[PDB]
Each structure stands twice: as C-alpha cells, then as structure tokens.
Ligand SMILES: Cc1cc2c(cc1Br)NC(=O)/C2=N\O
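In structure tokens, one chain follows: the form solved without this ligand.
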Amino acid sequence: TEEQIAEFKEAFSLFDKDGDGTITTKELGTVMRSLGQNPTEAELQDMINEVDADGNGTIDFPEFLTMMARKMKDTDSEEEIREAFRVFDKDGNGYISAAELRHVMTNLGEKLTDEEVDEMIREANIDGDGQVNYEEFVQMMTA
C-alpha cells in the first residue's frame, strides 16, 4: 500500500496546483482545460460535490484517494466485460449475431440449435435489430 499511496499522491499533485493540500473548482478547471475540455463553473461544482465527503467545498487527499479506489474497481470491470464482448464479436463489427454466439457457445461446451440461440438474442435485444451490441451486452452481463 505504501507504494500505492505514493502513486495516488502523484495523481493528486497534478490537480493540486498550489500544493495547499486541496483541490478547488478552479484547479480542477485548469486540468480539464489542459485536457481540451472547458467545463462551466456549474459543471465543475458538480464534479467537486460528488467527491467532497465533508462538504467544506474542496477535495483533500483522503477524499480523492477514496473516490479513486472505488472507481479503479469499476474500470477493471468494464474492461473484463469489454473483453468478453470482443471474443464474442468474431467479426469485430460491433455486433454479436446468432451465428457468432452459437460458434462461441459451442467452444464453451454447449451445442445449441439456431432456435435456442435466437431466444438468447431476443431476450437481450432492445433496439430490435436481432443482434446484441455492447450496450445490450453489458445490461445482459451485469443486469
């Protein structure tokens, strides 16, 4: 963890421009900008409120660190799921068709008829294209 807080410390300093130990809507603002995004003060204020646990109006290390921890898990999630999607989507076309789910389902040890695969697509197909896209996929995986 020692070398972990250090890493986190490094990330915190980019934001803490004047090094007083807190991040302000203005400091958050200059970083967003240096990144090519010019948020309004109102949008900046919402970004701070979300992380500000004690309501003093700024974010300190412990608050950042704790925001950061939780969110690093969820990006390690979206990434596992973004993976499975890619193995399913044999023709990297953005969509999982019946032919594709059937092929991979057979490699998982289940030989399904076209009818059973059809039923799988249906169940998860929202926009009704008869295909499963990333969006439909995650809702199917997670929820």
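Note that residue numbering follows the sequence shown and begins at 1.
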Averaging the C-alpha temperature factors as deposited, the higher value of 4-12 versus 134-142 falls on 134-142
Of 43-51 and 72-80, the one with larger mean CA B-factor:
72-80
Options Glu110, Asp118, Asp91, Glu63 - largest CA temperature factor per the record
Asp91
Listed options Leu28, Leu101, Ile59, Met67: highest C-alpha B factor recorded at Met67
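The form deposited with this ligand bound exists for this protein as well; it is not shown, and the discussion that follows is about that form.
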Would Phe64 count as touching this ligand in the deposited bound form under a 4.5 Å heavy atom rule?
yes
Tell me, yes or no, whether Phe15 is in contact with this ligand in the deposited bound form, where a contact means a heavy atom of each within 4.5 Å.
yes
Any of the heavy atoms of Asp114 lying within 4.5 Å of this ligand in the deposited bound form?
no
Residues within 4.5 Å of this ligand in the deposited bound form, restricted to 4-42 and counted by heavy atom:
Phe15, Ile23, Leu28
